[PDB]
Amino acid sequence: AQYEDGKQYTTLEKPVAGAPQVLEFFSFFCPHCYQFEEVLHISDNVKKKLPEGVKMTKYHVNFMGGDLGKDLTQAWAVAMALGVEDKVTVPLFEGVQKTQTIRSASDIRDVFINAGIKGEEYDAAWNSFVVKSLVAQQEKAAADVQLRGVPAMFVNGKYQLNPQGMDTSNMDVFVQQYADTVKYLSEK
């Protein structure tokens, strides 16, 4: 067939009940994640091809970058809680990987301030229980799939995208193949 289990995707032998429709995991420390997000724009191209009624979830992970890594999972919870993902994703990626100016939770906070989130509003969110449960959700979703590397995308808690089985000679073609595969898995 054109789409084959074990080729463009794999099937979880232990599927996850109640999982988000399209769930992507990343870390601001993850070099391929930087590519995916800043150069390939995977999330965005997946969106523009998803059917109607199918929503996207993106979670940060703890297992890269140690202590700052967990701070970033909590910052990403703040990002989701405030709905400012599209304002902090680029400066967080560049701050960690490009300029390497993010070394502490305070440096993470500066990114949000620079992006226009007021300090009081950031700190309130950071310390809130709504953010702690959002951190819990991220950790649980990763746990549910035994997540051990990023970037990763899962469709309906059943299928895992396998980009290694694709041509990377043209960046554009790879992205659309990736997106078309997510759409196919979504209409499964």
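The rules behind these values
Each chain carries its own residue count, beginning from 1 and running in the order its sequence is written; this scheme need not agree with the entry numbering, and residues with no coordinates do not appear. As a rule here, side-chain values come from all non-hydrogen atoms in the structure, and water together with hydrogens is ignored. Any two strands with at least two DSSP-identified bridges between them are counted as paired. Strands here mean DSSP runs of E at least two residues long; helices mean DSSP runs of H or I at least four residues long; both are numbered from the N terminus. Think of each axis as a best-fit line through the C-alpha atoms, taken over the contacting stretch in the case of a helix, with angles from 0 to 180 degrees between the N-to-C directions. Ring pairs shown here join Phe, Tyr and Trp side chains whose ring centres sit within 6.5 Å, with only the six-membered ring taken for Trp; geometry is labelled stacked below 30 degrees between planes, edge-to-face above 60, and tilted in between. A simple rule labels every residue: compare its accessible area, found with a 1.4 Å probe on the protein chains alone, to the largest value its type can have, and call it buried under 20%, exposed over 50%, or partly exposed in between. Note on geometry: a ring has a charge over it if NZ (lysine) or CZ (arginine) is within 6 Å of the ring centre and within 35 degrees of the ring normal. We call a crossing left-handed when the near helix sits turned anticlockwise from the far one by less than a right angle, and right-handed when that turn is clockwise. Any two residues whose heavy atoms approach within 4.5 Å at even a single point are treated as in contact. Between the first and last residue of a helix there are one fewer steps than residues, each counted as 1.5 Å, and that sum is the expected span.

Looking at the method and resolution fields of the entry, one finds X-ray crystallography and 1.7800 Å.

Draft legend 1. A look at the sheet that holds strand 3 (residues 56–60). Strands sit in the order 1-5-4-2-3 across an open sheet of five strands; the sheet is mixed. Of all the strands in the sheet, the pair left with one neighbour each is strand 1 (9–11) and strand 3. For this sheet, the mean inter-axis angle between neighbouring strands, taken without regard to orientation, is 25°.

Draft legend 2. Representation of the packing of aromatic side chains within the structure. Taken as a whole and assessed by the stated rule, the structure comprises 16 aromatic pairs. The interplanar angle of 65° and the centroid separation of 5.7 Å between the aromatic rings of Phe28 and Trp76 together place this pair among those described as edge-to-face. Separated by 48 residues along the polypeptide, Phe28 in the loop between strand 2 (22–26) and helix 1 (31–40) and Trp76 in helix 3 (residues 66–82) bring together distant segments of the chain. Across the pair, exposure class does not vary: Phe28 and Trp76 are buried alike. Ring-pair connections join several aromatic residues into one group, and the members of that group are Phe26, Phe28, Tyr34, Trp76 and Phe93. Between the NZ or CZ atom of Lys132 and the centre of the ring of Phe129, over which it lies, the distance is 5.6 Å.

Draft legend 3. Spotlight on the packing of helix 3 against helix 7 (residues 129–144). Between helix 3 and helix 7, the least distance of the axes is 9 Å, while the angle of their chain directions is 115°. The two elements helix 3 and helix 7 cross, and the hand of that crossing is right-handed. Only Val131, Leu134, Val135, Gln138 and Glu139 of helix 7 make contact with helix 3, whose side of the interface consists of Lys70, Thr73, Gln74, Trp76, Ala77, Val78, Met80 and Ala81.

Draft legend 4. Local environment of helix 3. Between its terminal C-alpha atoms helix 3 stretches 25 Å, which fits the 24 Å expected from 17 residues at 1.5 Å a residue. Of all the residues in helix 3, the buried ones are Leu68, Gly69, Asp71, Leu72, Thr73, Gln74, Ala75, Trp76, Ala77, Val78 and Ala79. Immediately beyond the C-terminal end of helix 3, within one or two residues, lies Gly83, with a positive phi of roughly 65°.

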